[PDB]
file entry-v1.csv (CSV, C-alpha atoms and all ligand atoms)
chain,number,residue,atom,x,y,z
A,5,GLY,CA,92.5,148.2,85.8
A,6,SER,CA,92.1,150.0,82.5
A,7,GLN,CA,94.4,149.3,79.5
A,8,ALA,CA,97.0,151.8,78.3
A,9,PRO,CA,95.8,154.3,75.7
A,10,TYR,CA,96.7,154.3,72.0
A,11,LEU,CA,98.8,157.5,71.3
A,12,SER,CA,98.6,159.3,68.0
A,13,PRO,CA,97.6,156.0,66.2
A,14,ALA,CA,97.9,156.2,62.5
A,15,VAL,CA,94.8,156.0,60.3
A,16,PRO,CA,93.6,153.5,59.2
A,17,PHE,CA,93.9,152.0,62.7
A,18,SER,CA,92.9,148.7,64.3
A,19,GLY,CA,93.7,147.9,67.9
A,20,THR,CA,92.7,145.3,70.5
A,21,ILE,CA,90.3,146.2,73.4
A,22,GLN,CA,91.9,144.3,76.2
A,23,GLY,CA,89.2,142.2,77.9
A,24,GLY,CA,86.7,143.0,75.2
A,25,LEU,CA,83.8,145.5,75.6
A,26,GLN,CA,82.4,145.5,79.2
A,27,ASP,CA,79.3,147.0,80.8
A,28,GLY,CA,80.6,150.4,82.1
A,29,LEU,CA,83.6,150.7,79.8
A,30,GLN,CA,84.1,154.1,78.3
A,31,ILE,CA,86.1,154.5,75.2
A,32,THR,CA,87.3,158.0,74.5
A,33,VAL,CA,88.5,159.0,71.0
A,34,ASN,CA,90.2,162.4,70.5
A,35,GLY,CA,90.9,163.4,66.9
A,36,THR,CA,90.5,165.9,64.2
A,37,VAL,CA,88.4,165.6,61.0
A,38,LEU,CA,90.7,166.2,58.0
A,39,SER,CA,90.0,169.6,56.3
A,40,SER,CA,90.3,168.4,52.7
A,41,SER,CA,90.8,164.6,52.5
A,42,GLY,CA,87.6,162.8,52.1
A,43,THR,CA,83.9,163.2,53.1
A,44,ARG,CA,83.6,160.6,55.8
A,45,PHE,CA,85.3,158.7,58.6
A,46,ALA,CA,84.3,155.8,60.8
A,47,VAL,CA,84.8,154.3,64.2
A,48,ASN,CA,84.1,150.5,64.4
A,49,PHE,CA,83.7,148.2,67.3
A,50,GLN,CA,84.3,144.8,65.8
A,51,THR,CA,85.4,141.2,66.1
A,52,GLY,CA,88.9,140.6,64.8
A,53,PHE,CA,90.5,142.7,62.1
A,54,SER,CA,88.6,141.5,59.1
A,55,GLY,CA,85.7,144.0,59.1
A,56,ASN,CA,83.1,141.3,58.2
A,57,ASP,CA,81.7,141.6,61.7
A,58,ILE,CA,81.3,145.1,63.1
A,59,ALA,CA,79.0,145.2,66.1
A,60,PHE,CA,78.8,149.0,65.9
A,61,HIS,CA,79.7,151.1,62.9
A,62,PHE,CA,79.7,154.9,63.7
A,63,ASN,CA,80.0,156.7,60.3
A,64,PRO,CA,79.9,160.5,60.1
A,65,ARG,CA,79.3,161.7,56.5
A,66,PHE,CA,80.0,165.2,55.2
A,67,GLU,CA,77.6,164.6,52.4
A,68,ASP,CA,74.1,165.8,51.5
A,69,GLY,CA,74.1,168.4,54.2
A,70,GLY,CA,75.7,166.3,56.8
A,71,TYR,CA,74.5,163.2,58.6
A,72,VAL,CA,75.7,160.2,60.6
A,73,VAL,CA,75.1,156.5,59.9
A,74,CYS,CA,75.0,153.8,62.6
A,75,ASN,CA,74.8,150.1,61.7
A,76,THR,CA,76.0,146.6,62.4
A,77,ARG,CA,77.6,144.2,60.1
A,78,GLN,CA,77.3,140.4,60.6
A,79,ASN,CA,79.0,137.9,58.3
A,80,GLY,CA,79.4,140.6,55.6
A,81,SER,CA,75.8,141.7,55.8
A,82,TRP,CA,74.7,145.2,56.9
A,83,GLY,CA,71.6,145.6,58.9
A,84,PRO,CA,69.0,148.4,59.1
A,85,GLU,CA,70.7,151.8,59.0
A,86,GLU,CA,70.1,154.2,61.8
A,87,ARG,CA,70.7,157.8,60.7
A,88,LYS,CA,71.0,161.0,62.6
A,89,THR,CA,70.2,163.9,60.2
A,90,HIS,CA,72.5,166.4,61.9
A,91,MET,CA,76.3,166.6,61.9
A,92,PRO,CA,78.1,167.4,65.3
A,93,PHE,CA,81.6,167.2,63.7
A,94,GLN,CA,83.3,169.8,61.6
A,95,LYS,CA,86.1,169.5,59.0
A,96,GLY,CA,89.5,170.6,60.4
A,97,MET,CA,88.2,170.8,63.9
A,98,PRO,CA,89.3,168.6,66.9
A,99,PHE,CA,86.6,166.6,68.7
A,100,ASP,CA,85.9,164.5,71.8
A,101,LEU,CA,84.0,161.4,70.9
A,102,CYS,CA,83.1,159.1,73.8
A,103,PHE,CA,81.4,155.7,73.7
A,104,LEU,CA,79.9,154.4,76.9
A,105,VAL,CA,79.1,150.7,76.9
A,106,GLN,CA,76.0,149.8,78.9
A,107,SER,CA,74.0,146.5,79.3
A,108,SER,CA,71.6,147.3,76.5
A,109,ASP,CA,73.3,149.9,74.4
A,110,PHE,CA,76.2,152.3,73.4
A,111,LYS,CA,75.8,155.8,74.7
A,112,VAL,CA,77.6,158.1,72.1
A,113,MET,CA,78.6,161.6,73.2
A,114,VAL,CA,80.1,164.2,70.9
A,115,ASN,CA,81.8,167.2,72.6
A,116,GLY,CA,79.9,166.5,75.8
A,117,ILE,CA,76.5,166.1,74.3
A,118,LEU,CA,74.7,162.7,74.1
A,119,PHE,CA,74.4,162.3,70.3
A,120,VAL,CA,73.3,158.7,69.8
A,121,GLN,CA,72.0,155.8,71.7
A,122,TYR,CA,72.7,152.5,69.8
A,123,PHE,CA,71.1,149.3,71.2
A,124,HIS,CA,73.3,146.3,70.9
A,125,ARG,CA,72.4,144.0,68.0
A,126,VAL,CA,75.4,141.8,68.5
A,127,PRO,CA,76.5,140.6,72.0
A,128,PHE,CA,79.0,143.2,73.1
A,129,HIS,CA,81.3,140.5,74.5
A,130,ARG,CA,82.1,139.6,71.0
A,131,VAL,CA,83.8,142.9,70.4
A,132,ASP,CA,87.5,142.8,71.0
A,133,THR,CA,88.7,145.4,68.5
A,134,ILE,CA,88.3,149.0,67.7
A,135,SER,CA,89.2,150.4,64.2
A,136,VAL,CA,89.2,153.8,62.7
A,137,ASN,CA,89.4,154.8,59.1
A,138,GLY,CA,88.6,157.7,56.8
A,139,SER,CA,89.2,161.4,56.8
A,140,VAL,CA,90.4,161.8,60.4
A,141,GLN,CA,93.6,162.1,62.4
A,142,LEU,CA,93.9,160.8,65.9
A,143,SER,CA,95.4,162.2,69.1
A,144,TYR,CA,94.5,159.3,71.4
A,145,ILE,CA,92.1,156.5,72.2
A,146,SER,CA,91.7,155.8,75.9
A,147,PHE,CA,89.8,153.3,78.1
A,148,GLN,CA,88.2,153.9,81.5
A,149,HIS,CA,85.8,151.7,83.6
A,150,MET,CA,83.0,153.7,85.1
A,186,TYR,CA,79.9,160.9,85.2
A,187,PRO,CA,81.1,160.3,81.6
A,188,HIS,CA,82.0,164.0,81.5
A,189,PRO,CA,82.5,165.4,85.1
A,190,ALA,CA,83.1,169.0,86.0
A,191,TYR,CA,86.8,169.7,86.6
A,192,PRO,CA,87.4,172.6,89.0
A,193,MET,CA,90.2,175.1,88.0
A,194,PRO,CA,92.9,175.0,89.0
A,195,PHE,CA,92.7,171.2,88.9
A,196,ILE,CA,95.1,169.3,91.2
A,197,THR,CA,95.2,165.5,91.3
A,198,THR,CA,97.5,162.7,92.4
A,199,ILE,CA,99.3,160.5,89.8
A,200,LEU,CA,99.0,157.2,91.7
A,201,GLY,CA,102.4,155.5,91.5
A,202,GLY,CA,104.0,158.5,89.9
A,203,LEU,CA,105.8,158.3,86.5
A,204,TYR,CA,107.8,155.5,84.8
A,205,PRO,CA,108.8,154.4,81.3
A,206,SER,CA,105.6,154.0,79.2
A,207,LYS,CA,103.4,156.0,81.6
A,208,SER,CA,101.1,158.5,79.8
A,209,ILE,CA,99.1,161.5,81.0
A,210,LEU,CA,96.1,162.6,78.9
A,211,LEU,CA,94.2,165.8,78.9
A,212,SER,CA,91.2,167.1,76.8
A,213,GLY,CA,89.8,170.6,77.2
A,214,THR,CA,89.1,173.9,75.6
A,215,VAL,CA,91.1,177.1,75.4
A,216,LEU,CA,88.9,180.0,76.5
A,217,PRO,CA,88.3,182.6,73.8
A,218,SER,CA,89.9,185.2,75.9
A,219,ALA,CA,92.8,183.0,77.0
A,220,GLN,CA,96.2,184.6,77.8
A,221,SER,CA,97.9,181.4,79.0
A,222,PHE,CA,97.5,178.2,80.9
A,223,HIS,CA,99.9,175.6,82.3
A,224,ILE,CA,100.3,171.9,83.1
A,225,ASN,CA,102.6,170.8,85.9
A,226,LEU,CA,104.0,167.4,86.8
A,227,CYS,CA,105.1,167.8,90.4
A,228,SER,CA,107.4,166.0,92.9
A,229,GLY,CA,107.0,167.4,96.4
A,230,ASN,CA,107.7,171.1,96.4
A,231,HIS,CA,109.2,170.9,92.9
A,232,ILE,CA,107.8,171.1,89.4
A,233,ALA,CA,109.5,168.4,87.4
A,234,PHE,CA,107.8,169.5,84.2
A,235,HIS,CA,106.1,172.8,83.5
A,236,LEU,CA,104.2,173.1,80.1
A,237,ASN,CA,103.1,176.7,79.6
A,238,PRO,CA,101.3,177.7,76.4
A,239,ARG,CA,101.2,181.6,76.2
A,240,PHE,CA,98.9,183.1,73.5
A,241,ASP,CA,99.9,186.7,74.2
A,242,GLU,CA,103.6,185.7,73.8
A,243,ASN,CA,102.7,183.2,71.1
A,244,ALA,CA,105.0,180.5,72.6
A,245,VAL,CA,105.0,177.2,74.4
A,246,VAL,CA,107.4,177.4,77.3
A,247,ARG,CA,108.7,174.3,79.2
A,248,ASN,CA,110.9,174.4,82.3
A,249,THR,CA,111.6,172.8,85.7
A,250,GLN,CA,111.4,174.4,89.1
A,251,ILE,CA,113.6,173.1,91.9
A,252,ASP,CA,113.2,174.7,95.4
A,253,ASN,CA,111.2,177.5,93.8
A,254,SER,CA,113.9,178.3,91.2
A,255,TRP,CA,113.2,178.0,87.5
A,256,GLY,CA,115.9,176.6,85.2
A,257,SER,CA,116.6,177.0,81.5
A,258,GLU,CA,113.5,177.6,79.4
A,259,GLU,CA,112.8,175.4,76.4
A,260,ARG,CA,110.7,177.0,73.6
A,261,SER,CA,111.3,175.0,70.4
A,262,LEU,CA,108.4,174.1,68.2
A,263,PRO,CA,108.2,172.1,64.9
A,264,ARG,CA,105.4,174.3,63.6
A,265,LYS,CA,103.1,177.2,64.5
A,266,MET,CA,101.4,177.6,67.9
A,267,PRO,CA,99.2,174.4,68.1
A,268,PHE,CA,96.5,175.8,70.5
A,269,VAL,CA,93.7,178.1,69.3
A,270,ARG,CA,91.6,180.5,71.4
A,271,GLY,CA,88.1,179.1,71.9
A,272,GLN,CA,89.0,175.7,70.4
A,273,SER,CA,89.0,172.3,72.0
A,274,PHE,CA,92.3,170.4,72.2
A,275,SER,CA,93.9,167.2,73.5
A,276,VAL,CA,97.4,166.7,74.8
A,277,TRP,CA,99.3,163.6,75.8
A,278,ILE,CA,102.5,163.3,77.7
A,279,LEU,CA,104.4,160.1,77.4
A,280,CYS,CA,107.2,159.3,79.9
A,281,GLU,CA,110.2,157.4,78.6
A,282,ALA,CA,113.4,156.5,80.5
A,283,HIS,CA,115.3,159.6,79.3
A,284,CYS,CA,112.6,162.1,78.4
A,285,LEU,CA,109.0,163.1,78.2
A,286,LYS,CA,107.4,163.2,74.8
A,287,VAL,CA,104.5,165.7,74.2
A,288,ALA,CA,102.0,165.9,71.4
A,289,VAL,CA,99.0,168.2,70.9
A,290,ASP,CA,96.0,167.1,68.8
A,291,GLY,CA,98.0,164.2,67.5
A,292,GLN,CA,101.1,166.1,66.4
A,293,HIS,CA,104.4,165.5,68.2
A,294,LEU,CA,105.6,168.9,69.5
A,295,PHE,CA,108.8,168.2,71.5
A,296,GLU,CA,110.8,166.0,73.9
A,297,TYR,CA,111.8,167.3,77.3
A,298,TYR,CA,114.7,165.4,78.8
A,299,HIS,CA,114.3,164.6,82.5
A,300,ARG,CA,115.9,167.0,84.9
A,301,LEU,CA,114.2,165.5,88.0
A,302,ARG,CA,115.1,161.8,87.5
A,303,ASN,CA,113.3,159.9,90.4
A,304,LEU,CA,110.3,159.3,88.2
A,305,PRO,CA,108.0,157.6,90.8
A,306,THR,CA,108.2,160.8,92.9
A,307,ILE,CA,106.6,162.8,90.2
A,308,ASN,CA,103.2,162.0,91.5
A,309,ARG,CA,101.1,165.2,91.2
A,310,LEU,CA,99.4,166.8,88.3
A,311,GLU,CA,98.4,170.5,88.4
A,312,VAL,CA,96.5,172.4,85.7
A,313,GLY,CA,95.7,176.1,85.8
A,314,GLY,CA,95.0,179.0,83.6
A,315,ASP,CA,92.6,180.0,80.8
A,316,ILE,CA,91.1,176.7,79.8
A,317,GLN,CA,88.1,174.4,80.6
A,318,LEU,CA,88.9,170.7,81.3
A,319,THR,CA,87.0,167.9,79.7
A,320,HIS,CA,89.0,164.8,80.5
A,321,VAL,CA,92.1,164.0,82.5
A,322,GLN,CA,93.7,160.5,82.8
A,323,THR,CA,96.6,160.0,85.1
A,401,LIG,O1,110.3,179.3,82.8
A,401,LIG,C1,108.9,179.2,83.1
A,401,LIG,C2,108.5,180.4,84.0
A,401,LIG,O2,108.6,181.6,83.2
A,401,LIG,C3,108.4,182.8,84.0
A,401,LIG,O3,108.6,183.9,83.2
A,401,LIG,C4,109.9,184.1,82.7
A,401,LIG,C5,109.8,184.4,81.2
A,401,LIG,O4,109.3,183.3,80.5
A,401,LIG,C6,111.2,184.8,80.7
A,401,LIG,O5,111.0,185.3,79.3
A,401,LIG,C7,111.9,185.9,81.5
A,401,LIG,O6,111.2,187.1,81.4
A,401,LIG,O7,111.9,185.5,82.9
A,401,LIG,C8,110.6,185.3,83.4
A,401,LIG,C9,110.7,185.0,84.9
A,401,LIG,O8,111.4,183.8,85.2
A,401,LIG,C10,106.9,182.8,84.5
A,401,LIG,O9,106.7,183.9,85.4
A,401,LIG,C11,106.6,181.5,85.3
A,401,LIG,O10,105.3,181.4,85.6
A,401,LIG,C12,107.0,180.2,84.5
A,401,LIG,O11,106.1,180.1,83.4
A,402,LIG,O1,75.2,151.1,56.5
A,402,LIG,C1,76.6,151.3,56.7
A,402,LIG,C2,77.4,151.1,55.5
A,402,LIG,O2,76.7,151.9,54.4
A,402,LIG,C3,77.3,151.7,53.1
A,402,LIG,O3,76.6,152.5,52.2
A,402,LIG,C4,75.2,152.2,52.0
A,402,LIG,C5,74.4,153.5,52.0
A,402,LIG,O4,74.5,154.2,53.2
A,402,LIG,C6,73.0,153.2,51.7
A,402,LIG,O5,72.3,154.4,51.4
A,402,LIG,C7,72.9,152.3,50.4
A,402,LIG,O6,71.5,152.0,50.2
A,402,LIG,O7,73.6,151.1,50.5
A,402,LIG,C8,75.0,151.4,50.7
A,402,LIG,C9,75.8,150.1,50.7
A,402,LIG,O8,75.2,149.2,51.7
A,402,LIG,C10,78.8,152.1,53.2
A,402,LIG,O9,79.4,151.8,51.9
A,402,LIG,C11,79.5,151.3,54.2
A,402,LIG,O10,80.9,151.7,54.3
A,402,LIG,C12,78.8,151.5,55.6
A,402,LIG,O11,78.9,152.8,55.9
A,403,ZN,ZN,84.5,162.7,76.3

call {"tool": "encode", "arguments": {"input": "entry-v1.csv", "output": "structure tokens"}}
result
Amino acid sequence: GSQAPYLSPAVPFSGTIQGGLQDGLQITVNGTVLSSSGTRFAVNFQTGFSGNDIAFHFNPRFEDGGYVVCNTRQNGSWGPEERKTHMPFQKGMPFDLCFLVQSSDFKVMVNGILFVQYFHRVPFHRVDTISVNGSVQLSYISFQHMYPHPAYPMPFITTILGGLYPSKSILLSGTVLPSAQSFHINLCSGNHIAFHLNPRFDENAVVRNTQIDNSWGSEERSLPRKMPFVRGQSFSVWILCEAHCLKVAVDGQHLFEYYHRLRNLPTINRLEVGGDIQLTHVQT
């Protein structure tokens, strides 16, 4: 069983990794590097919340042409720095950063490409905390016990085992096709669509509705700001189920609430994704 994800955690952030790091554990970080608020950010796998002991410090730096520093801190002492002289991140752009823990190292992938392989210097069992600081904003941090990035056929239909309930979250990472017209995300119950999320680029709107016995209800189109999705750009979306409504955020920014119309939450046990996007991650 994998622990629940951290949704839109505020930076600086520090959170427990339930059960500590384990061989086969994959930690996914979806966020966006700030456009004009600093020149570096870091993701740390550490022991406790002090910072004196960081088993793995992943530090992208938008300095001197861009590079990334990897190191370990033990009892306040930094070890030999391991640097990658190329920068896979971009200011103002969302990213998919995944850490795969293995017996001898951390496999670090950025937007689907293996970027760094960091051999353990400190026993990975001693890591019980993940922290994030710097010029970055977070959408979510998820956990999954293990392909790190499998191919998702479109449309993608999958079962939400156990269905919905208060505190249940659904996560999605993908990319809007450059030529995208629209795409949708449905949470279904039998022959009904409990929740329909439909971003439309041509209409420049994000439509939400419910379909009962093939009949659509009142459309909800409210948005706190401009269209959050961009053509050709990667994105992340999380849907949090509460007793009275669903809360939806895109790239870490709350977009809206959608009060339940179909109330038997456990029956909402199917997720369907279709349209003009490519999927990267899905957690149900
Ligand atoms: O409410 C979601 C469904 O909308 C349908 O289109 C609506 C359209 O949004 C509205 O402006 C009006 O023209 O009525 C249409 C038909 O109901 C979509 O066709 C359907 O796929 C859902 O997205
Ligand atoms: O090594 C990780 C650690 O680096 C510190 O900065 C280093 C710097 O990278 C190096 O070139 C210089 O010789 O020493 C500095 C201090 O050790 C950062 O300050 C720290 O936050 C970590 O990123
Ligand atoms: Zn990933």

call {"tool": "residues_near_ligand", "arguments": {"input": "entry-v1.csv", "ligand": "ligand LIG 401 (chain A)", "cutoff": "8 Å", "atoms": "only C-alpha atoms and all ligand atoms", "output": "PyMOL selection string"}}
result
chain A and resi 223+235-237+246-249+255-259

call {"tool": "residues_near_point", "arguments": {"input": "entry-v1.csv", "point": "(95.2, 162.4, 85.7)", "cutoff": "9 Å", "atoms": "all atoms listed in the file", "output": "PDB file with C-alpha atoms, keeping the file's coordinate frame"}}
result
ATOM      1  CA  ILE A 196      95.100 169.300  91.200  1.00  0.00           C
ATOM      2  CA  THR A 197      95.200 165.500  91.300  1.00  0.00           C
ATOM      3  CA  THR A 198      97.500 162.700  92.400  1.00  0.00           C
ATOM      4  CA  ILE A 199      99.300 160.500  89.800  1.00  0.00           C
ATOM      5  CA  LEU A 200      99.000 157.200  91.700  1.00  0.00           C
ATOM      6  CA  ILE A 209      99.100 161.500  81.000  1.00  0.00           C
ATOM      7  CA  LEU A 210      96.100 162.600  78.900  1.00  0.00           C
ATOM      8  CA  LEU A 211      94.200 165.800  78.900  1.00  0.00           C
ATOM      9  CA  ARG A 309     101.100 165.200  91.200  1.00  0.00           C
ATOM     10  CA  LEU A 310      99.400 166.800  88.300  1.00  0.00           C
ATOM     11  CA  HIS A 320      89.000 164.800  80.500  1.00  0.00           C
ATOM     12  CA  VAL A 321      92.100 164.000  82.500  1.00  0.00           C
ATOM     13  CA  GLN A 322      93.700 160.500  82.800  1.00  0.00           C
ATOM     14  CA  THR A 323      96.600 160.000  85.100  1.00  0.00           C
TER      15      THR A 323
END

call {"tool": "residues_around", "arguments": {"input": "entry-v1.csv", "residues": "residue 24 of chain A", "least_positions_apart": "3", "cutoff": "12 Å", "atoms": "all atoms listed in the file", "output": "list in words"}}
result
residues 6, 7, 19, 20, 21, 27, 28, 29, 30, 31, 49, 50, 51, 52, 105, 127, 128, 129, 130, 131, 132, 133, 134 and 147 of chain A

call {"tool": "closest_atom_pairs", "arguments": {"input": "entry-v1.csv", "of": "chain A", "to": "ligand ZN 403 (chain A)", "cutoff": "12 Å", "atoms": "only C-alpha atoms and all ligand atoms", "output": "Markdown table"}}
result
| residue | atom | partner | partner_atom | distance |
| --- | --- | --- | --- | --- |
| A:30 | CA | A:ZN403 | ZN | 8.8 |
| A:31 | CA | A:ZN403 | ZN | 8.4 |
| A:32 | CA | A:ZN403 | ZN | 5.8 |
| A:33 | CA | A:ZN403 | ZN | 7.6 |
| A:34 | CA | A:ZN403 | ZN | 8.1 |
| A:35 | CA | A:ZN403 | ZN | 11.4 |
| A:99 | CA | A:ZN403 | ZN | 8.8 |
| A:100 | CA | A:ZN403 | ZN | 5.0 |
| A:101 | CA | A:ZN403 | ZN | 5.6 |
| A:102 | CA | A:ZN403 | ZN | 4.6 |
| A:103 | CA | A:ZN403 | ZN | 8.1 |
| A:104 | CA | A:ZN403 | ZN | 9.5 |
| A:111 | CA | A:ZN403 | ZN | 11.2 |
| A:112 | CA | A:ZN403 | ZN | 9.3 |
| A:113 | CA | A:ZN403 | ZN | 6.8 |
| A:114 | CA | A:ZN403 | ZN | 7.1 |
| A:115 | CA | A:ZN403 | ZN | 6.4 |
| A:116 | CA | A:ZN403 | ZN | 6.0 |
| A:117 | CA | A:ZN403 | ZN | 8.9 |
| A:118 | CA | A:ZN403 | ZN | 10.0 |
| A:119 | CA | A:ZN403 | ZN | 11.8 |
| A:144 | CA | A:ZN403 | ZN | 11.6 |
| A:145 | CA | A:ZN403 | ZN | 10.6 |
| A:146 | CA | A:ZN403 | ZN | 10.0 |
| A:147 | CA | A:ZN403 | ZN | 10.9 |
| A:148 | CA | A:ZN403 | ZN | 10.9 |
| A:186 | CA | A:ZN403 | ZN | 10.2 |
| A:187 | CA | A:ZN403 | ZN | 6.7 |
| A:188 | CA | A:ZN403 | ZN | 5.9 |
| A:189 | CA | A:ZN403 | ZN | 9.4 |
| A:190 | CA | A:ZN403 | ZN | 11.7 |
| A:210 | CA | A:ZN403 | ZN | 11.9 |
| A:211 | CA | A:ZN403 | ZN | 10.5 |
| A:212 | CA | A:ZN403 | ZN | 8.0 |
| A:213 | CA | A:ZN403 | ZN | 9.6 |
| A:273 | CA | A:ZN403 | ZN | 11.4 |
| A:274 | CA | A:ZN403 | ZN | 11.7 |
| A:275 | CA | A:ZN403 | ZN | 10.8 |
| A:318 | CA | A:ZN403 | ZN | 10.4 |
| A:319 | CA | A:ZN403 | ZN | 6.7 |
| A:320 | CA | A:ZN403 | ZN | 6.5 |
| A:321 | CA | A:ZN403 | ZN | 9.9 |
| A:322 | CA | A:ZN403 | ZN | 11.5 |

call {"tool": "atom_distance", "arguments": {"input": "entry-v1.csv", "atom1": "atom CA of residue 65 of chain A", "atom2": "atom CA of residue 44 of chain A"}}
result
4.5 Å

call {"tool": "residues_near_ligand", "arguments": {"input": "entry-v1.csv", "ligand": "ligand LIG 402 (chain A)", "cutoff": "9 Å", "atoms": "only C-alpha atoms and all ligand atoms", "output": "number ranges by chain"}}
result
A: 46, 61-65, 73-77, 81-86

call {"tool": "closest_residue", "arguments": {"input": "entry-v1.csv", "among": "A:56, A:227, A:98, A:270", "to": "residue 142 of chain A", "atoms": "only C-alpha atoms"}}
result
A:98

call {"tool": "atom_distance", "arguments": {"input": "entry-v1.csv", "atom1": "atom CA of residue 45 of chain A", "atom2": "atom CA of residue 97 of chain A"}}
result
13.5 Å

call {"tool": "atom_distance", "arguments": {"input": "entry-v1.csv", "atom1": "atom CA of residue 16 of chain A", "atom2": "atom CA of residue 140 of chain A"}}
result
9.0 Å

call {"tool": "residues_around", "arguments": {"input": "entry-v1.csv", "residues": "segment 252-254 of chain A", "least_positions_apart": "4", "cutoff": "12 Å", "atoms": "all atoms listed in the file", "output": "CSV table (one decimal) with C-alpha atoms, in the frame of the given file"}}
result
chain,number,residue,atom,x,y,z
A,227,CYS,CA,105.1,167.8,90.4
A,228,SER,CA,107.4,166.0,92.9
A,229,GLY,CA,107.0,167.4,96.4
A,230,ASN,CA,107.7,171.1,96.4
A,231,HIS,CA,109.2,170.9,92.9
A,232,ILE,CA,107.8,171.1,89.4
A,233,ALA,CA,109.5,168.4,87.4
A,248,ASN,CA,110.9,174.4,82.3
A,258,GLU,CA,113.5,177.6,79.4
A,301,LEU,CA,114.2,165.5,88.0

call {"tool": "closest_residue", "arguments": {"input": "entry-v1.csv", "among": "A:292, A:243, A:308, A:314", "to": "residue 14 of chain A", "atoms": "all atoms listed in the file"}}
result
A:292

call {"tool": "decode", "arguments": {"input": "entry-v1.csv", "residues": "segment 11-24 of chain A", "atoms": "N, CA, C and O atoms", "output": "short mmCIF file (atom, residue, chain, number, x, y, z; two decimals), in the first residue's frame"}}
result
data_model
loop_
_atom_site.label_atom_id
_atom_site.label_comp_id
_atom_site.auth_asym_id
_atom_site.auth_seq_id
_atom_site.Cartn_x
_atom_site.Cartn_y
_atom_site.Cartn_z
N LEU A 11 -0.80 17.20 -1.72
CA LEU A 11 -1.41 18.04 -2.75
C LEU A 11 -1.06 19.51 -2.57
O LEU A 11 -1.24 20.07 -1.49
N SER A 12 -0.57 20.12 -3.65
CA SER A 12 -0.19 21.53 -3.65
C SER A 12 0.50 21.95 -2.35
O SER A 12 0.12 22.95 -1.74
N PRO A 13 1.51 21.18 -1.91
CA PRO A 13 2.21 21.54 -0.67
C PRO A 13 2.96 22.85 -0.85
O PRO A 13 3.61 23.07 -1.87
N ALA A 14 2.86 23.73 0.15
CA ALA A 14 3.53 25.02 0.10
C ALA A 14 5.04 24.88 0.29
O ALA A 14 5.51 24.06 1.08
N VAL A 15 5.79 25.70 -0.45
CA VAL A 15 7.25 25.71 -0.39
C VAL A 15 7.69 26.90 0.47
O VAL A 15 7.17 28.00 0.30
N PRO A 16 8.65 26.70 1.38
CA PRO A 16 9.38 25.46 1.69
C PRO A 16 8.51 24.36 2.28
O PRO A 16 7.64 24.60 3.11
N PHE A 17 8.78 23.13 1.84
CA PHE A 17 8.01 21.97 2.28
C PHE A 17 8.86 20.85 2.88
O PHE A 17 9.98 20.62 2.47
N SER A 18 8.27 20.16 3.86
CA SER A 18 8.91 19.02 4.51
C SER A 18 7.79 18.06 4.89
O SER A 18 6.83 18.45 5.56
N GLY A 19 7.91 16.82 4.45
CA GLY A 19 6.89 15.83 4.76
C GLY A 19 7.47 14.46 4.97
O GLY A 19 8.51 14.12 4.40
N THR A 20 6.81 13.66 5.79
CA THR A 20 7.26 12.31 6.08
C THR A 20 7.03 11.36 4.92
O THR A 20 6.05 11.48 4.18
N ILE A 21 7.95 10.41 4.77
CA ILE A 21 7.82 9.38 3.76
C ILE A 21 7.47 8.17 4.61
O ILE A 21 8.34 7.59 5.26
N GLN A 22 6.19 7.82 4.64
CA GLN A 22 5.73 6.70 5.45
C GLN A 22 6.44 5.40 5.12
O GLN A 22 6.41 4.92 3.99
N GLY A 23 7.09 4.83 6.14
CA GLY A 23 7.81 3.59 5.94
C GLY A 23 9.23 3.83 5.45
O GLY A 23 9.98 2.88 5.22
N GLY A 24 9.59 5.10 5.31
CA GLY A 24 10.93 5.43 4.84
C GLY A 24 11.14 4.99 3.41
O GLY A 24 10.27 4.36 2.81
#
